[PDB]
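**Student:** Following this message is one structure expressed as structure tokens.
A quick note on method: Cβ atoms are made from the backbone with ideal geometry, for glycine too, and the neighbour counts reach across all protein chains shown. Each answer follows from the model by the rule given with it, or from the source it names; no laboratory instrument gave them.
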Amino acid sequence: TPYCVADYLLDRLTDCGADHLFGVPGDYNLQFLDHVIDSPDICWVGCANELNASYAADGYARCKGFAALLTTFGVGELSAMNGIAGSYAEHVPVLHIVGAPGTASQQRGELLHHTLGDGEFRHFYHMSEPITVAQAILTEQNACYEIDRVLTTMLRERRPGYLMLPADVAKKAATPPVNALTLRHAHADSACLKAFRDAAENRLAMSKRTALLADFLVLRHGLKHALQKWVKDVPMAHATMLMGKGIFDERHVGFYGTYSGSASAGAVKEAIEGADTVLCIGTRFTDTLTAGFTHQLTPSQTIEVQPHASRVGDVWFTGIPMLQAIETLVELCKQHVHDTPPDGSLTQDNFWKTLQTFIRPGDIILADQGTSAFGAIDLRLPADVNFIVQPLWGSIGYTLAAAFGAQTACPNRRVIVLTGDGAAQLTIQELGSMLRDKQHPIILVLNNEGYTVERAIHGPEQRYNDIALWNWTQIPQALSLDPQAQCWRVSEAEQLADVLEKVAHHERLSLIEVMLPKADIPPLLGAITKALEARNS
Amino acid sequence: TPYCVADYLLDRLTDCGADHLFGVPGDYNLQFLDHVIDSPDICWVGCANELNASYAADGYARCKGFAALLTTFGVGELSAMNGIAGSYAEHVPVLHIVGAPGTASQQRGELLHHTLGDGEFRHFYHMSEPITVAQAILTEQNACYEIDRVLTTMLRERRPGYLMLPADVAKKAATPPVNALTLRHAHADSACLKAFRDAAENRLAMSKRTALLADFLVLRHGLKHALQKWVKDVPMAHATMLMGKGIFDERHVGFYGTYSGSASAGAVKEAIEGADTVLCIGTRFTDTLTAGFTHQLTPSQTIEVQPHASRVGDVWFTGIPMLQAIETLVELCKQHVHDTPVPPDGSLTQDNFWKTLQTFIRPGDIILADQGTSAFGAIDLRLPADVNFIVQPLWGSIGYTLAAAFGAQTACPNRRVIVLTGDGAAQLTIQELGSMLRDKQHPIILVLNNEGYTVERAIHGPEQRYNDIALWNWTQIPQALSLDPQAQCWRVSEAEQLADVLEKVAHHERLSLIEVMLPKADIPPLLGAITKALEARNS
Ligand SMILES: Cc1ncc(C[n+]2csc(CCOP(=O)(O)OP(=O)(O)O)c2C)c(N)n1
Ligand SMILES: Cc1ncc(C[n+]2csc(CCOP(=O)(O)OP(=O)(O)O)c2C)c(N)n1
Ligand SMILES: [Mg+2]
Ligand SMILES: [Mg+2]
């Protein structure tokens, strides 16, 4: 087993923080897979299909900062395309490795399985170009520096990359590197830095009250601790939006709730929108995050920091790393910013209140699109919570499979899965992977007997919002010969509270089927369901 | 409810042969969905996910000649891409309708859900371009003629098309067409047809024994009955390959078995490879179909017919419709081809499994088999008359079969559907079993359970953990995916038990799921030839 390109790729992957590889085998990637199996540094995680694997890698990367997916040419990689696209949309660095037919076969234009039957082998590489920041077709002549380039760009942009690995290229000789792959820390030109620093300083110097609004780009670029220490050293009103929830301990002084535009609690609206200066850090004002773009924040009111550029009022300063922009603003703030800030029947209301008493520091909480995410936005999170939600891409089914990737990343943390009954149908077979791997998530299936969110938007009585009605508490014993799962169906707040006490220490996988009313929607959902379909009558 | 673009599209769908629409709802397609529900001609079929929906539409199109898929912008269409890709690879005309944000929203570049967050709304349209023969972004100014163009091109090529339907465009006023959309039959220039006819005749006039090899393009372009009539009116040696199985009644004189290159039965090799002229009709000699390109057929030995061009020896004749090429060859064969073709154990094995199933299949059956030890065992089934045999060996996506079966049963509620899937394959699309049960379908699902990924076990790393899977409780799945399953499940390990169960479910009064327990390292005959010349490649 002489060291080869397959080994070099695995060495560089682990350098980037991935200790696991998700995917599904196929004949074009089997020989590469042998190197994954034999490696002591990377653990193969076989998934039940490729879409789920790409969701799982995404959740993993939201826990470890990096992840990798392996599929086979054509059928595998195209099955995962929606996963990689969602990682691109939400800035999740997932590496898609595609095992491919050998280069000689490709050059001869053979009529191989997993092709369109036209002798062409680059169609799927090109279709992946819009949803990655870097891609390469690996050859014997470029392998090691193309691997390094794509991984490096992935680290810089915190977004997916793609590598086509022909089976023969994987076996070509390589050399172990002495140094791990690192992304050299960027620094703005000092005159550029001064221009931004001066404009921010002069703006902040005239602020009576300043507020801090941070979101998901802070998470992706590893700046959570910097944002927490900032508000600790400089107390002020602060918030996140739905995507970046979990950046802050929401019990801390100065936090009043998650900002969601006009749907915000009044205290949040006043704390953020009422400040005469609002620092917008790693923020993206999407339609869901702002209740249909009804946020009230003007350019002259705001300072914003993006990964490579920052803005003060009307002026953009480009080529400033977000790390340096934040550091600049922390020092400047230090220089001013002074004066500190049980029922019966289950409803959406008492469910989220019951869940509120249950969550604890260390929890990993995932919520899918639908009433799950828009109820969970109102959870007041304690310290050290990883809150994983996908409101920009918005692919239902993401959450159950992402939970499998997240638990793989963090076996000793408690994983709470909040999924609608409709969402869980799209990726149910990854429940079988959790049981196979002896994971102990707490899966809460919000069963309101259909697509309730779509009922809110349009056609509440229309049969297209109906689904097959599953027997949720029997699924683990169908997807395992020895599930060792604890299942309950609950319809009362007291039953849910009692069950939550029983599963608090997650010694087994648990599935809680939560019986909820069909037309019941959380507060934010009612607010977001007033201008959603406003475009078309 | 004035007639609008949404209604015009649905009317054109019916014209093309589709009576159902598969997919998953989303806020960007909901108002269009209201027109699907209200339509008396199109029945909405909600699916458990978009990948499965696209597989189901594919199976439906292989029964009805056309199918349609509805997804939502971004998250929906990208989940279905592998299905549309397989429909393109295997020439299945599935129409992908993508409900999209309204045009003004797109023009403003808003940060909308199901986008990449860049204000760009044409990324996914562009990514679908390689896997469709036609696509359009529908506007108020082009809607009805772009709809007709894309559907017409799909009918001519028998391949997928794509339409992005912004929500506002769908409500724009339209007019019901008086005439159905039709694919006018193309005609070769008569001098061009003559050139092919003369060359084919000169070859056939000197051929001592001529054989006929027809495959899947015959099925896609509606020429099954023509090929059956050809071999009835002109007896001669004939075969298909795996993809085209079902073109012929395989009990009829002159049929000796399915051709698969060096893995063929000796009678087939002699009948096909031993002929001095082999008419190759709608054929694609893929690696799977030829046991690793070990077929022995030379250019001067062959005449081939593709959808728009035909070849005699080394010379190609282009701009000839496959239909007219076939009509020409039928005439020439009637002139020059004057032949009379020479005409239960205990424990379950691969061999006695297929022998048991052989006695069970009947005319009218729809038989679907997935990649693995299913399709390559099913290749040896001797099909009676009027069987629809659905296999996907060129694209080769496992999981396709269970979801395609749901589409096939939807198309043909009164036909018996037999699903041959491995335990590994069924895991990728299992949630569509729930759709089968919801809709009270009665397929016969045989899960070939040998406790892992046997097909790759054979090719590489048989003891490697990546060929293992989670072990499911197959006979409990219907009761998990339904509150009241109209199902019966059995687990069988003996040939006689399988025979007894199959006899019980012959009239398919309920969904039946049969977990068939097979040995871990047991592979069918044809795979043994395909497993040696597969790791003969990239190693
Ligand atoms: C992959 C994908 N397909 C379709 C949609 C459209 N969609 C948005 S919400 C929804 C229904 C979600 O239902 P469920 O999980 O039961 O949620 P709830 O009833 O709590 O709203 C659908 C189909 C989507 N977001 N993602
Ligand atoms: C979508 C997809 N992913 C991966 C592959 C590669 N592949 C080919 S066969 C196979 C395993 C098939 O397992 P099973 O259905 O149990 O078959 P059997 O054990 O009878 O061979 C896999 C993963 C594929 N063809 N399609
Ligand atoms: Mg629901
Ligand atoms: Mg198997």
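**Student:** Quickly run through region A:120-141 and pick out the residues that are of a type in the set (A, V, I, L, M, F, W, C) and away from chain B (no Cβ under 13 Å). Give the derivation first.
**Tutor:** Taking region A:120-141 as the starting set, the residues that turn out to be of a type in the set (A, V, I, L, M, F, W, C) are A:121, A:124, A:127, A:131, A:133-134, A:136-138.
Within region A:120-141, A:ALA134, A:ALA136, A:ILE137, A:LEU138 meet the criteria.
Residue-by-condition table, conditions (1) within 13 Å of another protein chain (Cβ to nearest Cβ); (2) surrounded by fewer than 24 Cβ atoms within 10 Å (Cβ to Cβ):
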residue: A:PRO411; (1), (2): no, yes
residue: A:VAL415; (1), (2): no, no
residue: A:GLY422; (1), (2): yes, no
residue: A:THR452; (1), (2): yes, no
residue: A:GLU461; (1), (2): yes, yes
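**Student:** Restricting to region B:142-169, count the residues that are away from every other protein chain (no Cβ under 14 Å) and of a type outside the set (A, V, I, L, M, F, W, C).
**Tutor:** Of the residues in that region, 9 qualify.
**Student:** Condition first: within 11 Å of chain A (Cβ to nearest Cβ), of a type in the set (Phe, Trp, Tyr) and not in a helix (DSSP H, G or I). Can you find one or more residues in region B:65-83 that meet it? Full working, then the answer.
**Tutor:** At the first step, the residues of region B:65-83 found to be within 11 Å of chain A (Cβ to nearest Cβ) are B:70-83.
Then keep just the ones that are of a type in the set (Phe, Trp, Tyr); that gives B:73.
From what is left, the residues that are not in a helix (DSSP H, G or I) are B:73.
Yes - at least one qualifying residue is present in region B:65-83.
**Student:** Going by what's in this entry, would B:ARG465 be described as basic (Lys, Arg) and in contact with a strand residue (DSSP E or B) (Cβ under 9 Å, 6 or more places away or on another chain)?
**Tutor:** For B:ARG465, the condition - basic (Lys, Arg) and in contact with a strand residue (DSSP E or B) (Cβ under 9 Å, 6 or more places away or on another chain) - is met.
**Student:** Could you tell me which numbered condition B:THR421 fails, if it satisfies all but one of (1) away from ligand 1 (no atom under 16 Å from the Cβ); (2) out of contact with any strand residue (DSSP E or B) (no Cβ under 9 Å at 6 or more places or on another chain)?
**Tutor:** It is condition (2) that B:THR421 fails.
**Student:** Quick check on A:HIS91: is it within 16 Å of ligand 2 (Cβ to nearest atom) and at positive phi?
**Tutor:** no
**Student:** Moving to a separate point now. Would you confirm whether or not region A:339-347 contains a residue that is within 16 Å of ligand 1 (Cβ to nearest atom) and either buried (at least 17 other Cβ atoms within 10 Å of the Cβ) or not aromatic (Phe, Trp, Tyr) (or both)?
**Tutor:** Within region A:339-347, one or more residues are within 16 Å of ligand 1 (Cβ to nearest atom) and either buried (at least 17 other Cβ atoms within 10 Å of the Cβ) or not aromatic (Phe, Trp, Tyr) (or both).
**Student:** Could you figure out which of (1) more than 28 Å from A:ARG159 (Cα to Cα); (2) among the polar types (S, T, N, Q); (3) under 31 Å from the mean Cα position of the chain (by Cα) isn't true of B:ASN142?
**Tutor:** (3)
**Student:** Tell me, which residue of region B:507-538 that is under 30 Å from A:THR103 (Cβ atoms) and touching a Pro at 6+ places or on another chain (Cβ under 9 Å) is farthest from the other protein chains (Cβ to nearest Cβ)?
**Tutor:** Looking at the filtered set, the residue picked out is B:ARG537.
**Student:** Exactly one of these conditions fails for B:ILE430: (1) more than 16 Å from ligand 1 (Cβ to nearest atom); (2) buried (at least 21 other Cβ atoms within 10 Å of the Cβ); (3) assigned to a helix (DSSP H, G or I); (4) facing chain A (nearest Cβ under 9 Å). Give me its number.
**Tutor:** (3)
**Student:** For the list (1) over 20 Å from the mean Cα position of the chain (by Cα); (2) within 16 Å of ligand 4 (Cβ to nearest atom); (3) of a type in the set (A, V, I, L, M); (4) at the interface with another protein chain (Cβ under 9 Å from one of its Cβ atoms), I need the number of the one condition that B:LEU481 fails.
**Tutor:** Failed condition: (2).
**Student:** Yes or no: B:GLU451 more than 16 Å from ligand 1 (Cβ to nearest atom), over 24 Å from B:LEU357 (Cα atoms) and not assigned by TED's automatic domain parsing to the domain that holds B:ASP287?
**Tutor:** no
**Student:** Which of the residues spanning region A:484-506 are of a type outside the set (S, T, N, Q) and within 14 Å of another protein chain (Cβ to nearest Cβ)?
**Tutor:** If the condition is that a residue be of a type outside the set (S, T, N, Q) and within 14 Å of another protein chain (Cβ to nearest Cβ), then A:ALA485, A:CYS487, A:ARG489 are the ones that fit.
**Student:** Scan region B:104-124 for residues that are within 38 Å of the chain's Cα centre (by Cα) and in a loop (DSSP other than H, G, I, E, B) and jot them down.
**Tutor:** B:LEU112, B:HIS113, B:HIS114, B:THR115, B:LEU116, B:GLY117, B:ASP118, B:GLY119, B:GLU120, B:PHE121, B:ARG122
**Student:** Assigned to a loop (DSSP other than H, G, I, E, B) and surrounded by fewer than 16 Cβ atoms within 10 Å (Cβ to Cβ), is that true of A:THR139?
**Tutor:** Answer is yes for this residue.
**Student:** Do you know which of the residues in region A:438-474 that are over 26 Å from the mean Cα position of the chain (by Cα) and hydrophobic (A, V, I, L, M, F, W, C) is farthest from ligand 2 (Cβ to nearest atom)?
**Tutor:** A:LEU469
**Student:** Follow-up. Within 17 Å of A:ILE443 (Cα to Cα), among the hydroxyl-bearing types (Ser, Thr, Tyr) and surrounded by fewer than 20 Cβ atoms within 10 Å (Cβ to Cβ): is that true of A:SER510 in this structure?
**Tutor:** Considered against the rule, which asks whether it is within 17 Å of A:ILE443 (Cα to Cα), among the hydroxyl-bearing types (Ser, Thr, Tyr) and surrounded by fewer than 20 Cβ atoms within 10 Å (Cβ to Cβ), A:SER510 comes out as no.
**Student:** Next question. Counting residues that are of a type outside the set (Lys, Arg), under 30 Å from A:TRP472 (Cβ atoms) and more than 16 Å from ligand 3 (Cβ to nearest atom), which helices (runs of 4 or more DSSP H) fully inside region B:440-507 reach at least 3?
**Tutor:** B:477-480
**Student:** So which of B:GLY282, B:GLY266 ends up being closer than 24 Å to B:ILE530 by Cβ and away from every other protein chain (no Cβ under 14 Å)?
**Tutor:** B:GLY266
**Student:** Still on this structure, I have one more. Of all residues in region A:315-371, which are closer than 19 Å to A:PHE248 by Cβ and not in a helix (DSSP H, G or I)?
**Tutor:** Correct list: A:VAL337, A:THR340, A:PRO341, A:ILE359, A:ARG360, A:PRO361, A:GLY362, A:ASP363, A:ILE364, A:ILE365, A:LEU366, A:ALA367.
**Student:** Taking the condition of being under 22 Å from A:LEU400 (Cβ atoms) and in contact with a helix residue (DSSP H, G or I) (Cβ under 9 Å, 6 or more places away or on another chain), how many residues in region A:504-523 meet it?
**Tutor:** Residues that pass the stated criteria total 12.
**Student:** Which of the residues belonging to region B:262-283 are buried (at least 16 other Cβ atoms within 10 Å of the Cβ) and outside any helix (DSSP H, G or I)?
**Tutor:** The answer is B:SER264, B:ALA265, B:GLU273, B:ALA275, B:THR277, B:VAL278, B:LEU279, B:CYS280, B:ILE281, B:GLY282, B:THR283.
**Student:** Condition first: within 10 Å of ligand 4 (Cβ to nearest atom) and among the basic types (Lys, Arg). Now tell me which residues in region B:450-473 satisfy that.
**Tutor:** B:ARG457 - this is the single residue of region B:450-473 that is within 10 Å of ligand 4 (Cβ to nearest atom) and among the basic types (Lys, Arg).
**Student:** For A:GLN356, indicate whether it is within 11 Å of ligand 1 (Cβ to nearest atom) and away from chain B (no Cβ under 14 Å).
**Tutor:** Numbers: within 11 Å of ligand 1 (Cβ to nearest atom): no; away from chain B (no Cβ under 14 Å): yes.
Here the answer is no, as A:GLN356 does not meet what is asked.
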